[PDB]
Each structure stands twice: as structure tokens, then as C-alpha cells.
Amino acid sequence: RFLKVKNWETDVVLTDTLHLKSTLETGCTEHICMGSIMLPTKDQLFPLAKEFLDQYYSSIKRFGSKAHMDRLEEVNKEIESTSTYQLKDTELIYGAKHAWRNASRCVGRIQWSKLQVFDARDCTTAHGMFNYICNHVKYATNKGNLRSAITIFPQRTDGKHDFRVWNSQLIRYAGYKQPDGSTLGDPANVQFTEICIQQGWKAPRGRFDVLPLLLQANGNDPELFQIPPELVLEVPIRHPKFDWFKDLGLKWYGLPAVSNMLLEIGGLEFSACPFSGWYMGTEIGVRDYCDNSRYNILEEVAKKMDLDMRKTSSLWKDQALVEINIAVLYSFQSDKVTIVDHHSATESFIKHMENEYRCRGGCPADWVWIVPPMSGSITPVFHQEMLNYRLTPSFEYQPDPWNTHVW
Amino acid sequence: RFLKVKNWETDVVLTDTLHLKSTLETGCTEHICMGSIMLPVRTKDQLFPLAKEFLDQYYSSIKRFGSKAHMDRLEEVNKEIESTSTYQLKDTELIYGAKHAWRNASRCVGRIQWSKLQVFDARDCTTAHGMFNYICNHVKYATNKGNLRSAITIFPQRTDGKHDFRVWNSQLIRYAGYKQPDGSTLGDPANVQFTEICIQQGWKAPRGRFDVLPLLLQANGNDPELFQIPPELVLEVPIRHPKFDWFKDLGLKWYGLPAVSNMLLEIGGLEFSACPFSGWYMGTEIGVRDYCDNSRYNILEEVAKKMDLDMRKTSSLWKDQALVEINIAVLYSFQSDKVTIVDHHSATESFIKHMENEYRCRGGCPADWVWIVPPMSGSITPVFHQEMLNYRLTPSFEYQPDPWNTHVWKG
Ligand code: HEM
Ligand code: HEM
Ligand SMILES: N=C(Nc1cccc(CCc2cccc(NC(=N)c3cccs3)c2)c1)c1cccs1
Ligand SMILES: N=C(Nc1cccc(CCc2cccc(NC(=N)c3cccs3)c2)c1)c1cccs1
Ligand SMILES: C[C@H](O)[C@H](O)[C@H]1CNc2nc(N)[nH]c(=O)c2N1
Ligand SMILES: C[C@H](O)[C@H](O)[C@H]1CNc2nc(N)[nH]c(=O)c2N1
Ligand SMILES: [Zn+2]
């Protein structure tokens with residue numbers, strides 16, 4: 001009932017009570033743990049609404065005040081009538097920040113309360129979504145000094161009128177397979193990269209071609225738009241010692257901006273809610289470059305380093321991996337674009353876990369995702385027991401829209 | 001019910017049915033995951049069922065399910081239980097049981113090797129001296145002059161819980177740790193407490209950085225006794241680096257034989273509380289954890305200074321660079337002395353193949369991602385992108401409390 005979590009490096013023991021407010025399900029059972037699986041009516045809505053409003057008013061110390069009871073009634077009225085309701089701005093801001101605060105997979109949550117929220121609930125067309133996205137991008141980029149933000153498009157009504165950003169992130173690199181049979185640019189996007197052409201895009205057939213945005217307003221077919229290059233900050237990747245590094249030709253964008261998730265506040269579903277902050281370096285250096293099914297440049301970097309690539313036990317992959325990541329961090333820092341290393345991000349997150357244990361009685365956290373993909377055991381999160389549970393408001397996955405849209 | 005796991009690097013999907021044979025609890029529920037939590041006397045009552053499940057498994061494996069031999073064994077074990085409140089395993093049953101505990105160990109990356117396990121039956125042992133002899137023969141056989149072979153030695157089972165066999169050591173071979181007055185630590189900080197107990201029981205500590213601890217052995221619920229392992233039995237490897245000649249001057253060495261001596265082996269409801277087992281090291285267990293954990297030898301700073309890395313900013317990744325070098329050194333040193341060791345790329349690759357094999361022939365492989373993924377270079381090894389199902393099958397290896405916490409001293 002009152003669960004404990006221990007840090008094995010520091011012996012620090014925290015006590016979790018916040019999980020008892022857990023609402024949704026994890027996929028795990030008494031018999032089976034699924035911690036490593038990527039994805040395991042008017043009736044429904046009022047409980048959900050009341051729950052959320054209860055935590056709102058408690059957060060502003062007006063639980064059981066007149067306004068609270070008045071609101072619960074106003075929303076109760078609005079639901080019994082319209083079959084949905086609308087959030088006040090203040091509630092929207094609290095909801096979004098809290099969906100980030102509750103993302104158990106995010107190592108970056110020490111920053112949860114400094115989130116800029118752009119209310120795009122008055123938007124009606126793809127051109128309009130495009131304007132809102134551009135302003136989001138520009139605000140967030142801030143000439144390199146990145147600022148967290150989210151833009152919230154209109155809430156789903158009856159599932160026929162959905163706003164969706166078809167891009168999985170706002171800013172990503174094109175991928176094309178060749179007759180040769182291998183891959184140019186980023187293989188993650190091959191499919192999307194073809195949809196875009198399959199709808200109209202004139203691909204500059206290249207390696208790092210920023211993809212066009214593909215936007216669907218109010219359930220309608222979606223439309224192509226190029227984000228103005230001037231708005232897409234990029235960083236040429238070079239090493240502080242290896243001059244040949246530059247000649248690998250590598251660059252990356254500074255703004256990670258997730259665009260395919262669904263935000264749930266008080267039972268209301270926001271299917272287009274792109275959000276952005278900034279990178280931890282290993283997301284680019286370990287996952288984007290070195291994954292077998294991504295840019296997969298380890299072989300190439302290893303060779304230029306003249307390492308003994310003959311036997312796994314020379315650890316040539318690991319050597320190359322570290323230099324690549326030093327390179328990415330060096331570049332971003334040199335160009336004054338915000339970025340965080342994994343040692344610093346994990347130290348931050350331990351600090352935040354501690355803050356959330358005392359101020360709030362816990363912090364849902366998913367170890368499988370919080371431990372970085374390199375140097376795990378020399379970062380402090382490795383030695384930290386964590387409890388994973390689902391609280392609301394939350395961000396959730398949702399099916400790729402091309403599997404669902406009728407034309 | 002069938003459950004699927006996918007690999008995201010290769011799109012290979014597998015189907016689990018074995019999880020249906022599971023019964024023990026995970027720690028998790030529908031509302032909470034405890035997947036990253038380190039640790040989430042029986043009556044006739046519960047013993048009968050547990051012995052029957054075990055025997056049904058045993059006789060299916062040998063293709064004799066429902067034979068007269070099966071049925072008589074059941075009847076024999078049942079009489080023995082209601083007669084004496086316990087039973088004895090046949091040799092063949094013990095062998096199968098020990099191997100399957102290994103096979104069912106969801107946190108073990110080395111399981112491709114499960115069927116080649118040498119089992120020593122030490123169930124006639126009655127004293128600590130006899131335990132010392134068995135452990136010595138285990139160590140020498142396992143070591144095999146550097147060409148390591150997996151083995152386990154199984155001492156008598158628990159009876160009333162007042163006559164337990166225990167090895168108080170956490171592993172058969174480990175270095176002492178000594179808390180110095182100035183706050184620092186000499187040798188391995190993980191072993192300070194155990195080192196104090198030993199000293200208290202009368203061990204004269206040489207008080208250097210790599211002193212092999214004595215064995216501390218309890219037979220039959222007696223107070224345990226000290227024994228020094230013969231040093232000619234303890235294979236050690238000096239740690240050098242193939243390019244950095246200053247590495248050897250750091251003074252590092254490590255032992256070759258990892259042999260865990262503090263787990264509890266559960267077979268058909270019986271509890272073997274002393275069951276030391278041994279295999280061979282994955283390099284990262286020495287190079288990442290043993291040397292570079294902050295709560296262990298923690299040589300990272302010293303190695304970084306000698307490499308003259310930029311240590312002013314973590315974003316230099318100076319910790320990450322030094323860590324790869326220390327692990328290169330460890331693998332180089334072991335290979336050069338022809339002492340079996342496996343790197344994490346090779347171990348994890350082998351495990352993915354074991355795992356697919358186990359899905360095909362067995363219907364599953366319970367696996368604990370948190371422990372299988374290596375503590376460096378996680379995502380450039382194939383297990384990182386492997387979805388895994390974790391559940392508890394028996395026979396199994398279980399944790400058990402430290403004996404200094406539970407023991408009734410006699411004096
Ligand atoms: C401010 C800097 C931020 C840093 C450095 C950061 C870092 C991270 C990292 C490293 C991951 C794992 C990502 C992966 O491997 O794909 C992650 C996941 C996540 N982050 Fe944060 N984050 C930040 C801001 C935010 C913001 C502003 C939001 C929401 C408003 C957010 C919501 C999430 C969610 C929902 C996931 C998991 C999504 C999934 O399950 O795939 N993050 N973040
Ligand atoms: C043959 C070579 C072997 C290799 C390379 C191997 C590798 C590993 C590694 C790397 C771990 C994680 C250890 C840690 O993080 O501290 C592990 C855990 C484990 N292994 Fe294996 N292993 C091997 C043989 C065996 C044998 C022979 C047994 C038993 C007969 C076994 C039973 C286990 C158990 C029970 C754990 C988990 C311990 C715990 O939960 O604390 N291993 N093994
Ligand atoms: N189920 C999947 N999920 C999936 C696939 C790719 C990426 C992601 C998550 C991307 C993500 C989400 C949130 C944060 C980050 N990284 C960041 N630093 C931020 C992005 C926005 C604010 S911070 C990346 C999730 C798939 C795997 C393979 C095909 S689909
Ligand atoms: N709960 C703990 N248990 C614990 C503590 C230290 C080590 C271990 C596991 C030791 C182990 C177990 C099984 C295999 C291995 N490594 C091997 N290569 C083998 C050892 C024996 C056969 S193979 C190591 C478990 C702690 C963690 C940190 C501090 S206490
Ligand atoms: C199968 C496995 O769960 C999958 O590889 C996960 C592991 N941990 C991860 N962790 C993060 N941060 N991001 C990821 O994409 C993944 N992938
Ligand atoms: C809290 C967490 O479970 C703990 O640090 C685990 C993580 N993964 C591990 N994995 C292995 N192989 N060995 C370990 O000791 C640990 N420690
Ligand atoms: Zn779980």
C-alpha cells in the first residue's frame with residue numbers, strides 16, 4: 001500500500017503513496033511483467049471531469065470552495081447537454097503541464113512547470129494549423145536558446161472531425177530506398193517520406209532533407225506545407241579533435257518536437273498537441289546515428305579512427321560511439337543551441353524525483369526509458385528503483401492516422 | 001492466452017505460451033509495475049502440490065508422463081512426505097532441477113549454456129570442513145586452469161529451518177574491504193561488512209587492496225567456521241591495457257571465477273539454502289560495475305587523469321571514455337592469460353539466439369530486460385531492442401536473507 005523505492009548507490013529510501021491515485025492500467029499482472037513492451041459517453045465523461053477538477057481546485061487551495069462546486073455544476077450542466085465540455089484557459093495550462101509532469105518515460109521533467117502553452121483551440125483549417133505550428137517552432141527555437149512549448153488544437157468531438165499532425169515530429173529528415181536496395185537519409189521515415197511524395201512533395205533527393213509538414217484539420221484530407229528553412233535551426237556536426245569528422249557530412253536539427261501523441265485532460269482528447277523542449281545528446285548520437293536501422297554510421301566512424309574492427313572484443317563500436325556523442329554535444333554547444341548531456345539530465349531527474357517524493361508523495365517513472373542507451377551504470381538513474389504507474393492528465397500513443405483516415 | 005514480443009531492430013515477432021505455466025508472484029499488478037525493483041519452513045499442506053508439479057515436469061521431460069514409473073514415484077514421494085514432512089530427490093531429479101533453475105533464471109544473459117552444467121551432489125555433507133572440501137573441489141574443477149566450466153555444488157536441504165547449511169560468503173572468491181578511519185575504503189567497498197564479520201571470527205587480515213576473503217561456512221545450523229581457500233586454487237589476472245603501458249602501474253587485478261554462493265535453490269518445494277554455482281565473467285561485470293561504480297573500486301577518476309582527458313565538464317564525456325578503456329583492458333588481460341571471458345556484444349547476441357530457440361522449442365523464455373541489457377553500450381547491443389516477458393517458473397534461484405541477520409548463535 002505504501003511502497004518504498006531504494007537507491008542502491010546512495011541508500012536513500014523514498015516512500016510512494018501517489019500510486020494509489022493511479023487510475024489506468026500498465027499491461028502487467030500478478031503473473032507477468034511487461035515493463036519492456038513498447039505499447040501494451042456522457043457516462044464516462046463526468047467522473048473523469050470531476051476527478052480532474054478536484055485536483056485543479058486542490059492545487060490552488062480551493063478544494064470545497066464555492067467556485068469549485070459552481071464549476072463542477074457548470075461542467076455537469078454542460079455535459080448533460082452538449083455531450084462534452086470546454087476547459088478554461090487556466091485549466092488547460094494546468095492540464096498540459098501535468099500531463100508532462102506525469103510522463104513516466106521523460107527524464108526531462110524537472111522543467112515541467114516552465115511550459116509555454118499555446119491555445120490553438122480556435123483553429124479551423126490546415127493553413128491555420130500551419131500558422132500556429134510555425135509560431136510554435138519560432139518561439140521554441142528562440143535563436144538557439146530553446147524553450148519548452150505545446151500547441152493544443154481543438155479537442156476531438158465525435159471522432160469524425162479530428163485534427164492530426166501526420167508527422168511524428170515537426171522536423172525530421174527524409175528517407176528514400178534506392179534500386180540499389182539500400183537507404184538514403186533516415187530509414188525511420190521511408191514510409192512517411194513516400195506518402196509525402198504520394199500526395200505531392202517534390203523531394204530534393206538528398207540525405208538531410210527536412211520533411212514537409214502534412215496537416216489534417218477537422219477530419220479533412222491533409223495538406224503539404226514547407227516550414228521555412230529560416231525557422232529550422234541546424235547544427236553541423238564536428239569533433240573537437242578529429243578534423244576528418246566534419247567530412248562525414250553530418251548535421252542535425254536543434255528542435256525535437258513530438259507531434260503524434262494524444263493529450264487527455266479531464267476525459268477530453270486532444271489528438272494534435274505537438275510539444276517541444278530540447279535534446280539529450282544521446283538521442284541523436286546513440287539512437288539517430290548509430291542504430292542499425294537509422295543512420296548506422298558506426299562502421300564508417302570506426303574506420304576513420306583506424307580501430308581494430310576485426311573482433312567485437314576490441315570494443316571498437318563502443319569507442320566510436322563515445323567519440324560520436326562527444327562530437328554532437330560539442331557542436332551544439334559551440335553553436336549555442338541548447339542541449340543536455342546524459343550525466344547532467346539523469347542527475348537532474350534524481351533531484352526532481354526527490355522533489356516529487358516530498359512535495360507530492362511520488363513520481364511515476366519508467367526505468368527502461370529513463371536509463372540512457374549508453375553508459376547506463378555510471379549515471380545515477382541506473383541504481384534508482386522506480387515505480388511505473390499511469391496518472392492523468394497524460395500523453396498517450398494513438399494509431400498512425402493513415403491507418404484510420406477515410407479520404 | 002498467447003502473448004507476443006517484438007524485436008524493433010529486426011521486426012522478428014515471437015509468441016509466448018510458457019507464461020501460462022507460471023504461478024509465483026511478480027511484485028507487479030494491473031495498476032503498478034515493479035519491474036525495476038531489486039527484490040519486490042513449509043508444511044505438508046503446501047509441499048504435496050509442489051512436489052507433484054515438479055515430478056509431472058520431470059517425467060514429461062524424459063517422455064515418461066503417466067508411466068508406471070511416474071505414478072510409483074508420486075506414490076513414493078507422497079508417503080515419504082506425510083511420514084516425515086519432507087522428501088528426497090533422486091540424483092537425476094536433482095540434476096534436472098538445478099539445470100532448469102538456471103534455465104528459468106530470467107535475469108541471466110548466459111543461459112545459452114544451461115544444459116551444460118556440472119552438478120555436484122554434496123547432500124551427504126555434515127560439517128563445515130566437509131563443506132570446505134566440496135567447495136575446494138568445485139573451485140578447482142570449475143577453474144580448469146583458465147578454461148572455465150559451469151558447475152554447482154548442492155548441500156543438504158532445509159528441514160526445520162534450524163539446521164540450515166549456508167555459505168556466509170556472497171561469492172566463493174571476493175576481495176576484502178576495510179573502512180579506514182579517514183573515511184576512505186581499502187579494497188572492495190561492497191565487502192566491508194562481511195570483512196568485519198570475518199575479522200571478528202578470527203581472520204587476520206593482511207589489509208591490502210586485493211586480499212581474498214576466507215570462506216565462512218555453516219553446516220547443520222551450527223556457528224560457521226573460517227577456511228582459507230588455497231591460493232594455488234585462486235586464479236587471478238593482472239589488468240593491463242594493450243596500448244597504455246601506464247595501465248599496469250594502476251596495480252589492478254581480478255579473479256577469474258565468479259561463483260555465487262548466497263542464493264536459494266528451490267526444486268519441487270524443497271529448499272537448498274547452500275548451492276554455490278559458478279560460470280564465467282562477462283567483461284562489463286568487472287569493468288563497469290566492479291571498477292567504475294562509485295560505491296565500488298571507482299577507478300574512473302584515476303584512469304581519466306592518466307589519460308589527461310578534459311575532466312572540467314561532464315559533457316566532455318570523460319567518464320564514458322575512461323570506462324570503455326578500462327573494459328578494453330579487462331578483456332585484453334583475460335584473453336591474454338587464456339582465461340575464459342565473454343564480451344557484452346557476444347553475450348547479448350548469443351542470448352537473442354537462445355531466446356528465439358526457447359520460444360520455438362519451449363513456448364517461451366522468461367527474461368528481465370532491466371538485468372539483461374548491459375550497463376554500458378546498451379542500445380548498440382541487440383537485447384536493447386528486444387521486448388521481453390518476465391515471469392517466474394520453478395525450479396528457481398531465489399534470494400534469501402543474509403545469515404548474520406537470522407542466525408541463532410550457540411557460542
Ligand atoms: C525540456 C527538455 C526535455 C528533455 C531534455 C526531455 C527528455 C526526454 C527523453 C530523453 C525522452 C525519451 C525519448 C526517446 O528515447 O525517444 C523523453 C520522453 C518523453 N518526453 Fe520528455 N524531455 C523534455 C521535454 C518534454 C516536454 C516539454 C514534454 C511534454 C510537454 C515531454 C514529454 C515526454 C513524453 C510524453 C515522452 C515519452 C513518449 C513515448 O512514450 O514515446 N518531454 N523526454
Ligand atoms: C556460463 C557463464 C555465465 C555467464 C556469462 C552468465 C552471465 C550473467 C550475468 C552477466 C548476470 C547479471 C549479474 C549482475 O548484474 O551482477 C547473470 C545473472 C544470473 N545468472 Fe548467469 N551467467 C552464466 C552462468 C550462470 C550459471 C551457471 C547460473 C546458475 C547455475 C546462473 C544464474 C544466474 C542467476 C540466478 C542470476 C541473477 C542473480 C540475481 O538475481 O541477483 N548464471 N548471469
Ligand atoms: N511505438 C513507437 N514509438 C516511437 C517511435 C519513435 C519515437 C518515439 C518517441 C519520440 C520522442 C518523444 C518524446 C521526446 C523525445 N525526445 C525529446 N528530447 C523531446 C521531444 C519533444 C520534447 S523533448 C522523443 C516513439 C515506434 C517505434 C518504431 C516505430 S513506431
Ligand atoms: N540485491 C543485490 N544483489 C546482488 C549484489 C551484487 C551482485 C549480485 C549478482 C551477482 C551475480 C549473480 C549471477 C551471475 C553473476 N555473474 C556471473 N558471470 C556468474 C556468477 C556465477 C555464475 S555466472 C553475478 C546481486 C545488490 C545489488 C547492489 C548491492 S546489493
Ligand atoms: C524493446 C525495448 O523496450 C525498446 O528498445 C525501448 C528500450 N528503452 C528505450 N528507451 C528510450 N528512452 N527510448 C526508446 O525508444 C527505448 N526503446
Ligand atoms: C534499481 C535497479 O533495478 C538496479 O540498479 C539494477 C538495474 N540493472 C541491473 N542489471 C544487472 N545486470 N545487475 C544489477 O545489479 C542491476 N541493478
Ligand atoms: Zn511490470
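FYI, side chains are in, hydrogens and waters are out, and symmetry mates aren't considered; it's all heavy atoms of this structure. Below, chain A is the first sequence line, B the second, and so on; all start at residue 1.
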[X] atom [atom1]: more than 12 heavy-atom contacts under 6.0 Å:
X      : atom1 : result
A:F2   : CZ    : no
B:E349 : CD    : no
B:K313 : NZ    : yes
B:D11  : CG    : yes
B:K21  : NZ    : no

Sorted by number, residues from residues 366-375 of chain A in contact with chain B (heavy atoms, under 4.5 Å): A:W367, A:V368, A:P373, A:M374, A:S375

Toward chain B, the part of [X] with a non-hydrogen atom under 4.5 Å:
X      : answer
A:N388 : both
A:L20  : neither
A:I339 : neither
A:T282 : neither
A:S314 : backbone
A:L387 : both

Shortest non-hydrogen contact from A:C33 toward B:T26: N-CG2, 4.2 Å

Closest heavy-atom contact between A:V286 and B:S379?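 Of all heavy-atom pairs spanning A:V286 and B:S379, the closest is CG1-OG, 2.9 Å.
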
Side-chain touch B:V5/A:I37, heavy atoms, less than 4.5 angstrom: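 B:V5 reaches A:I37 side chain to side chain.
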
Non-hydrogen side-chain atoms of B:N327 and A:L315 separated by less than 4.5 Å: yes

For chain B, which candidate among [options] shows the most heavy-atom pairs at distances under 4.5 Å?
options                      : answer
A:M34, A:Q384, A:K6, A:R287  : A:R287
A:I32, A:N292, A:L329        : A:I32
A:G35, A:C28, A:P240, A:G376 : A:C28
A:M38, A:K317, A:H19, A:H342 : A:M38

Structural part of B:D293 lying under 4.5 Å from a heavy atom of chain A: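 Side chain only.
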
Side-chain donor-acceptor contact under 3.5 Å, B:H345 with A:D318: yes

If only side-chain N and O atoms count, and only distance matters, is there a donor-acceptor pair under 3.5 Å linking A:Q319 with B:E325?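 On atom types as modelled, these side chains qualify, holding a pair under 3.5 Å.
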
If you look only at distance, which donor and acceptor atoms sit under 3.5 Å apart when one is on a side chain in residues 332-340 of chain B and the other is two or more places apart or in another chain?
from   : atom 1 : to     : atom 2 : distance (Å)
B:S333 : OG     : B:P238 : O      : 3.4
B:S333 : OG     : B:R240 : N      : 2.8
B:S333 : OG     : B:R240 : O      : 2.9
B:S333 : OG     : B:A329 : O      : 2.9
B:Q335 : OE1    : A:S313 : OG     : 3.2
B:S336 : OG     : B:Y332 : O      : 2.9
B:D337 : OD1    : B:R240 : NH2    : 2.7
B:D337 : OD2    : B:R240 : NH1    : 3.3
B:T340 : OG1    : B:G146 : O      : 3.1
B:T340 : OG1    : B:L148 : N      : 3.0

Which one of B:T381, B:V342, B:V324 has the most heavy-atom pairs closer than 4.5 Å to chain A?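 Most pairs with chain A among the choices: B:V324.
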
Could you tell me the separation between the OG atom of B:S36 and the CE atom of A:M386, rounded to the nearest 0.5 Å?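 If we round to the nearest 0.5 Å, B:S36:OG and A:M386:CE are 6.0 Å apart.
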
Go through the steps for B:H31 and A:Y389 under the test side-chain contact (heavy atoms from CB on, under 4.5 Å), then give the verdict. CA-CA 6 Å; B:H31 288 103; A:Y389 45 92; over 6 Å; no

Candidate pair A:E25 and B:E30, rule side-chain contact (heavy atoms from CB on, under 4.5 Å), full reasoning: CA-CA 5 Å; A:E25 288 188 63; B:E30 298 56 54; 3.3 Å; yes

